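Values in this text are rule-based calculations from the coordinates and carry no lab data. FYI the Cβ positions are ideal-geometry reconstructions off the backbone, even for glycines, and counts take in every protein chain you see.
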Amino acid sequence: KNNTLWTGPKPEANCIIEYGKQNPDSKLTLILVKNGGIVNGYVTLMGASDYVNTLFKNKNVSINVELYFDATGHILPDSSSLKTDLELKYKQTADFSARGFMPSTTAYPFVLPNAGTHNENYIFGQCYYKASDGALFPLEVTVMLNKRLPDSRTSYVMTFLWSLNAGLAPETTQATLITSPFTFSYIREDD
Amino acid sequence: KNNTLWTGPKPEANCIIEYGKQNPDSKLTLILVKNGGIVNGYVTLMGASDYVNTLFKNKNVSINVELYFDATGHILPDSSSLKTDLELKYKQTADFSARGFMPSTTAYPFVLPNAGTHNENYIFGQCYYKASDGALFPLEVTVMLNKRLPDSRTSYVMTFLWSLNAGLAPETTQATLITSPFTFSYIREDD
Amino acid sequence: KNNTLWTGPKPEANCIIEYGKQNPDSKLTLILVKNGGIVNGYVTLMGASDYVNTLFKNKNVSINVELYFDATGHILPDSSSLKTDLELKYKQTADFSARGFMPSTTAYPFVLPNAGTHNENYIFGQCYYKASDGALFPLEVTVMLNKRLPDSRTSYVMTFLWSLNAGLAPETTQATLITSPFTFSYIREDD
Amino acid sequence: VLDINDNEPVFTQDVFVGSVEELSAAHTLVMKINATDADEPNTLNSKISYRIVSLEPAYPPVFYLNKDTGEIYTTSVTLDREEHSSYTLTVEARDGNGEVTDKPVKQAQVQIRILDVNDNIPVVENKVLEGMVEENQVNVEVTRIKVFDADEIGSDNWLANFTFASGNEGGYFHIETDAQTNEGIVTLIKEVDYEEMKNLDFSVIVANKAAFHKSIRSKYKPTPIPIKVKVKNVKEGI
Amino acid sequence: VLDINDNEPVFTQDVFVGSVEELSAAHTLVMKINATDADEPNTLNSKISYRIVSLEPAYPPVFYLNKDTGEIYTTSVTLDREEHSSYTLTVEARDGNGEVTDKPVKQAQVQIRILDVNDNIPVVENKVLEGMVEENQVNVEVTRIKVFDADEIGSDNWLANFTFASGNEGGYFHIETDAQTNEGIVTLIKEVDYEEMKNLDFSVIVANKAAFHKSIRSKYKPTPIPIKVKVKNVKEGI
Amino acid sequence: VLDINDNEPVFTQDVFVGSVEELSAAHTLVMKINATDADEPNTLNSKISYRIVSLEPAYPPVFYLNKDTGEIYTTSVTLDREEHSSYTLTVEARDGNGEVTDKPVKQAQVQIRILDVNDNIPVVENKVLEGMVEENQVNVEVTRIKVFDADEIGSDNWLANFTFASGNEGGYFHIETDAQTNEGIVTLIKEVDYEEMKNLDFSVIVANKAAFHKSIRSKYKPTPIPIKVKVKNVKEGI
Ligand SMILES: [Ca+2]
Ligand SMILES: [Ca+2]
Ligand SMILES: [Ca+2]
Ligand SMILES: [Ca+2]
Ligand SMILES: [Ca+2]
Ligand SMILES: [Ca+2]
Ligand SMILES: [Ca+2]
Ligand SMILES: [Ca+2]
Ligand SMILES: [Ca+2]
Ligand SMILES: [Ca+2]
Ligand SMILES: [Ca+2]
Ligand SMILES: [Ca+2]
Ligand SMILES: [Ca+2]
Ligand SMILES: [Ca+2]
Ligand SMILES: [Ca+2]
Ligand SMILES: [Ca+2]
Ligand SMILES: [Ca+2]
Ligand SMILES: [Ca+2]
């Protein structure tokens, strides 16, 4: 009903993980669905470059995805990891206002760029990486909502961090990186 | 649609954690949204007293929140930790019936006050506490639905327990206690 | 709205866990609710046979539930663990099409019966078993969506695996097996 | 005859004693203290207000004293017997509005004993793990496995307990716990020939005589402890 | 000529043998037993019903025998080779409706060998960790690191394996595994001067020659094991 | 006068030095290198392109050099000082379109020192844990608890630190860390009588002088280490 905002169900490469990289090296699947006063989210990342697909040759990895949105909830692609806007599961007059999908600035305000403050702006959880030999490794997930503005053109922030801190690296060869689906919910802004 | 029942998105102190305390010492954020035959929940607690905000100076902590509701789903404040009723995201003729937001008494019945029975009335999960030095500690969460009546005036029960069992205390000073958001779902009563 | 597909809230024995068993030995509670482009799920299993209720006398257990659906989203009971079809929370002309509740074959395709491939078809998580002495044990959960066809009559697959790998068995006697509720979300097929 | 507040509240006992188990849920009733006031009932002259004067070891606070009822409960702070076994507590009973003044009022003491539970896994201190026997010997001390346990000394929660994991299928060893030193005493119950060169190495699992508390199970993975055994040669002749 | 049930079902072999890997998924086909009945086909006189008479070690049950097909599968109960390595099993084949009676029917035996996987991390038993060398020595035994492994003795899943973490950048030590005692043999490959007082302490990491099973990785954090080395002084003169 | 590309970009320094802390977040600015080109500004003759020629230990890559700005950042691959303490790096500055050719261009070196954090828990190597004292002795060495720590040797992140858990309520022992060998030195501060047969066993907890990094807390459970103490009898007479 104007209630699902997403990347599509099986997006082509649309996201940049590696630094200084100019073109997408990964496929982010992100779905944001309204449910009353919350949004229910679903996110998974799949590697699409040799750099991304050899990260799990190390035992300590960190994958960061940052999404910056304007005042009507559309992605600002220059600064964001995701290079294509999200779309409604149903089509556009003016493309549209996606502000009701954004994290509430009342629940998750923007604050002083002071270190280690306002930990009420984070959601923590876990998802998994299934290695080529089958071993299942937990990935610690951090989602940051709003909190830190990256510049003067952004209205909303949603960032994802997947962390691996294993005793032994999952892989010894290149393998398709796939984070298992992570679900989360947050208090949403008004439409 | 009469589909979101909550505390509001950034409530003032509305909940009592400490024993014998007469006035609120914490801010409970609780959102209950209908989705088909289930309710999707979201809960977070923020400390608002020196007692609450020094609990994590110990390595073994337990925080209990108890919510008792009447037959139309409204909070009974005398016995409950939450001292203000929940409200619909949209306003009141008779205030209203919130029975369809309550935990099903078929799925989660009331039973003999016998110890260690009926563990089908519990939901278990985890959320986190981010310490002032940044260390992230897991908090084991238990939600109890119905099961034990506290008195003869209650129709529905929802209780929350957050447990920390760390090797070393998170804090050595007072710090704002914040439990990271915990989401859960349960089978709901009929409207 | 034709938006909840389930077993009912407190089903009678409807599922077979044990091998070669001809009649139900367990009660599966499964609820699938549409929410925009995803389904939100809720699943719990309760034992209803001495075999099921003594599995946790061992420290290493594995419980598998397999659900195979036809092209309109109805259970194929011969091959499935669940011996009764799911039903809409609201009643039948032709019974009905439940295809919009099924896991997307775009997001979670069917692939080569090659070992250890396509780990994007799995959801991993945890739920718990509360033992008779009260000890709480984590159960690792794997949900497989589509991926492997079991035969030429199936259109959709959803399988559940609960694993216990404890140092010491939870129980030394028979006790009602109950898995605490596990919630999950997946990208759904079109109606 | 009009009442005046001319006698203080006095406790029924100079000392109260109660007990509560470790790791108790919050607000668990431990015990209850009492006092009486002979003045006119249901008037401020007879309203007693129970307060905690001092506590040991004082910090942190794990007991709340309902001033109106005298009931003592456990707080949201968990009790740990290994942290503090016994609490000794001085209470107080006040007249009138229950206002704390510089007036010397009657006071009694409370003694709470914290009950121990098996919530601590045994650990071998034994820093050099190797058995020693001679050829052609029987009923000799192979080694002594020294084990530490934090729980209440003497109790089944502390008493070490052993089981062979592997290596004793031949029935060459017998193990038993020395309850006084908490040592696992393994001894030879069969002669061995040095020349046959049998490998008598074996592994064992440690636990407590009583089961572990539900608080710690599953967090405990029984890991077999290997013990090498060396044999001494002796001049035997032809 | 009308049929009568005048000959029993007989197995194709007095003994069947199969193998299945440890930690196998439920309903994994292990093997299949067979029998034949010479009576009239597709009549109860020829319907065979395969049943398990006895089992070793009997409990718990990890094998289900399809009475109609003779196929043996693995149950929802996981197989653990360290719990039970080999299963020996007596089966049975019955005539008619497959009803268990006091009648003595033909029976064979099945032997299932459980395959070992590396799902157990090595552990140093060596209770006193300190090396010992003299001044001006070369090619001498510094210490022997005794290590235990639960997995199949002799196999690469059991064979200890070593790597220096830190402290051997000077190339003063060499380590190799003694495959017979499973000891890490470290030796001096350089002379040392007691008076120069170099610190030769070092740390090492233990693992298995073969990689660890996917069941246990990530649950294994490579923790370097420190080893202090003491040096002996010798009268050297001017 | 028309420009020609007749002078190469040259670095402001033959060697650059920076530092970054271990476990730093991705894209954290470490430092910045610089060069200059005297040719016509804002033309390809003056456009510098910074590139990494070689690196040590080369693999894996944890530094990205912005070719346009010269800024060096940290990658998504985490830095671990215990893996590699110092990075030495050869850079390069090129003219024109920044195309890598067989032309010999000016190059400088960068030296990044990785800062150590306390992210490694101490571990007792001391393989034989038992104290030893004589009767009627004072100020003697009971035992030396040898402890290993991976973190930067000498630092408070490496320096061992001790606290008695239980067993020293009698005040018979004193412990202090020997900062040179990182041994916990426990000594007698009270005479003991062998005949009275007091049990002087005790337990101790190990940690670092500086607090543990937030990366590792809660993953560290303070487990008391038991230490048995044996006493020697001496002929005392009547
Ligand atoms: Ca009075
Ligand atoms: Ca305890
Ligand atoms: Ca205890
Ligand atoms: Ca114990
Ligand atoms: Ca001999
Ligand atoms: Ca001899
Ligand atoms: Ca026949
Ligand atoms: Ca095994
Ligand atoms: Ca094995
Ligand atoms: Ca091994
Ligand atoms: Ca010398
Ligand atoms: Ca000398
Ligand atoms: Ca130039
Ligand atoms: Ca480190
Ligand atoms: Ca470090
Ligand atoms: Ca350290
Ligand atoms: Ca004496
Ligand atoms: Ca003497």
Anisotropy class of the protein assembly as shown from Cα gyration tensor, a/c 1.5 cut:
rounded
Return the long-range amide H neighbours of residue E:98 (sequence gap of 5 or more, or a different chain), with a cut-off of under 5 Å between placed amide H atoms.
none
For residue D:4, place a label point 7 Å out from Cα along the Cα→Cβ vector, do the same in each other copy, and report the separations in nm, one decimal, smallest first.
12.1, 12.1
Stokes-Einstein D (µm²/s) once Rh is taken as the Kirkwood radius of the stretch E:1-78 over alpha-carbon pairs, at 37 °C in 0.692 mPa s:
230
Residues meeting the amide H criterion for residue A:156 (H placed from the backbone, H to H distance under 5 Å, 5 or more places apart or on another chain) are A:69
Only counting other Cβ atoms within 10 Å, I'd like E:144, E:217 sorted with the fewest neighbours first.
E:144, E:217
Quick one: of D:146/D:228; A:59/A:130; B:57/D:67, which pairs are farther than 19 Å apart, Cα to Cα?
B:57/D:67
For residue E:25, placing the label point 7 angstrom along Cα-to-beta-carbon and taking the stretch C:159-191, residues whose amide nitrogen sits under 19 Å are C:159-165
Just for the stretch E:123-232, what percent of DSSP beta bridges are antiparallel, to the closest 5?
80
How many nm separate the modelled label positions at residue F:198 and residue A:90, each set 7 Å beyond the Cα in the direction of the Cβ?
8.4
Shape verdict for the stretch C:4-187, please, from the Cα gyration tensor: rounded (a/c under 1.5), prolate (a/b greater than b/c) or oblate.
prolate
Tell me which D residue has its C-beta closest to the axis rotating D onto E, and the distance in Å?
D:128, 2
Relative to the other copies, what are the label-point distances for residue E:51, with labels 7 Å from Cα along the C-beta vector, expressed in nm at one decimal and sorted shortest first?
8.1, 8.1
To make sure I understand, if each residue's beta carbon is the centre and we count other beta carbons within 10 Å, what order do F:31, F:132 fall in, fewest to most?
F:132, F:31
Residue B:110 long-range amide H proximity, modeled H, under 5 Å:
B:147
With charges set only on the Cβ (+1 for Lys and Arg, -1 for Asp and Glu), what does the dipole of chain E come to about its Cα centre, in debye to the nearest 20?
640
Considering the dipole of the protein assembly as shown built from charges on the beta carbon (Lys and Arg +1, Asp and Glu -1) around the Cα centre, which of E:36, F:55, E:216 is farthest to its positive end?
E:36
Charges at C-beta only: +1 for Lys and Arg, -1 for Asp and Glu. How large is the resulting dipole of the stretch F:123-232 about its Cα centre, in Debye rounded to 20?
620
Quick one: order B:90, B:108 by neighbouring beta-carbon count within 10 Å, fewest to most.
B:90, B:108
Rounded to the nearest Å, what's the spacing between the alpha carbon centres of the stretch F:131-172 and the stretch C:2-66? Just the number, please.
56
May I ask which residue of F:225, F:111, F:197 lies farthest towards the positive end of the charge dipole of chain F, with charges of +1 (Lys, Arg) and -1 (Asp, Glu) on Cβ and the Cα centre as origin?
F:197
Please report, for residue C:95, the nm distances (one decimal) from its label point, 7 Å out from Cα along the beta-carbon direction, to the equivalent points in the remaining copies, shortest first.
4.5, 4.5
A correct Karplus calculation of ³J(HN,Hα) over the stretch D:59-69, with 6.51 cos²θ - 1.76 cosθ + 1.60, θ = phi - 60°, whole Hz and x for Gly and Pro, returns 10, x, x, 10, 9, 10, 9, 4, 5, 8, 9
Residue by residue through the stretch D:222-238, which ³J(HN,Hα) values in whole Hz follow from phi under the Karplus form 6.51 cos²θ - 1.76 cosθ + 1.60 (θ = phi - 60°), with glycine and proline marked x?
x, 9, x, 9, x, 9, 7, 10, 9, 10, 9, 7, 9, 4, 10, x, 6
P(r) of chain F over all Cα-Cα pairs, 5 Å bins starting at 0, rounded to whole percent, reads 1, 6, 11, 12, 10, 9, 7, 7, 6, 6, 5, 5, 4, 3, 3, 2, 1, 1, 1, 0, 0, 0, 0
What dipole magnitude, in Debye to the nearest 20, does the stretch E:10-115 give about its Cα centre under +1 on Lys/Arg Cβ and -1 on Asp/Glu Cβ?
80
Karplus-derived HN-Hα couplings along the stretch C:163-175 (A = 6.51, B = -1.76, C = 1.60, θ = phi - 60°), whole Hz, x at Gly and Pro
10, 10, 9, 8, x, 9, 4, x, 10, 10, 9, 5, 7
Rounded to a whole number, the mean other protein chain Cβ count within 10 angstrom for residues of E:130-136 is 1
Nearest residue to the symmetry axis between C and B, taken on chain C by its Cβ, in whole Å
C:35, 3
